[PDB]
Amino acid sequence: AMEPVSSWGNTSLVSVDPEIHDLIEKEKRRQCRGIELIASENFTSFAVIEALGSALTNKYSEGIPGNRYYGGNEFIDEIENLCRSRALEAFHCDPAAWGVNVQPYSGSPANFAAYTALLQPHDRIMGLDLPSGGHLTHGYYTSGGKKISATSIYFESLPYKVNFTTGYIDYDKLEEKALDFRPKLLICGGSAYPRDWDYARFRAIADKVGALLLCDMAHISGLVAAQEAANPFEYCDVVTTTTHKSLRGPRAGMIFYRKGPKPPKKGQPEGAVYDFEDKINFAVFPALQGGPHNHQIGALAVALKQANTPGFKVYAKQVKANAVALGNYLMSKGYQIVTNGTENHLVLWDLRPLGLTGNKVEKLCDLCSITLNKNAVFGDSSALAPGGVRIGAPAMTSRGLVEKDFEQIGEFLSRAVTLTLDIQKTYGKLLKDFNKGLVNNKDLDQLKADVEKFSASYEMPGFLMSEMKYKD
């Protein structure tokens, strides 16, 4: 005799699985009691989450709208059609010149599918070097020749770097390297670069060496949509992105691609038109993915509707203004940030002049409910000892914080780095001894409690703090 449907299938999580329910409630408390500075994180809306947790998860819908492998997709099709056109609308794309696939599971799936569509195995790729602020998915291999990214396993990658004096992209060295290496794909976009991108110059380089030009705008997609960042669609053939960072949506990826007539070309036929659409669609499916995750797609459609509002543009401006205010506060205390400013959502803090390592700061901060991450500095490609931390404004800005609140965050960070110096002063620059100061430290306990009282006092999108299990 089967267990009735209402029992296993309709009972709430709290009764079905108190263990997981309790863990989610502890994670809910952690999120609204911490100062969350990881540049790639955000707090998405309850409306997004309600679509994310929905019966859309049940449906297999392989194919694309209007061309499915099987049936039952009448409404899945409307949702995905709406998600795609809301995506082109959010990024101000003429749909006769731009298409988009919203099925990639995440950002790395979106990048690898773009590479699969446009390149053969072992074709050459160039992206921003990791210690210059690039991302793993743009290619990464070690000095010992170990290939870390699958981008470097199945293709041939070579990084370009920032100028080590200024911290800006050395466009001359990029152009020199691309002319020698002759990449078939040139990637722009990054993860820890604190300035905006000159896509026009990337298009000029791309045209000189004959490469396709792809922008991965994942970190700044929210800024791009809000027209608070330079527009990569003006110059790139293909644009990839995540949807969960500054865009403030679910965890998913998108691939945008040109359609229609190609611009004037050196000796190639009149009337030539782009042929990305079919290649990109086929790489996503059937080549790489299986059934799309329709709960992410519907949730993304909600996110994209929310992004295309006057309010979201205000949020994007505030994100930048908050990043700037935090950076100015740290520089006024004597700290040094990379390029002495920011033009986007993040700040790169150089910790070498303090004699501290990104590891120690990240460790201490985490024990004080401040989450950031360590990060290489000024392109210093050496080892496992990052000399900086990366700080981002999207998540706390989403909780309603403005400049003076981010100045308070700067003062919290100042107390943390002061605490870190003092712990290194007493126990030394070796981590296993530094750790002894991290336990039963009343000063740390005081800072952590002041951090949590600060964070507790702001609203939280996505759920109701008044209803959460752990308010204390």
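Counting begins at 1, following the sequence as shown.
The stretch with the higher mean CA B factor, choosing between 435-443 and 62-70, is 435-443. In this crystal structure, the stretch out of 355-363 and 303-311 whose C-alpha atoms carry the higher mean B factor is 355-363. When the Cα B-factors of 133, 250, 267, 183 are read from the PDB record, 267 comes out highest. The residue among 199, 378, 257, 112 whose C-alpha carries the highest B-factor in the deposited model is 378. Among the modelled residues of its chain, residue 412 has a C-alpha B-factor that falls in the highest third, as given in the PDB entry. The PDB entry assigns residue 210 a C-alpha temperature factor belonging to the middle third of its chain's modelled residues.
Remark: residue 298 belongs to the lowest third of its chain, ranked by C-alpha B-factor as recorded. Ranked by Cα temperature factor within the chain, residue 175 sits in the middle third according to the deposited record. When all modelled residues of the chain are sorted by CA temperature factor, residue 219 is found within the lowest third.
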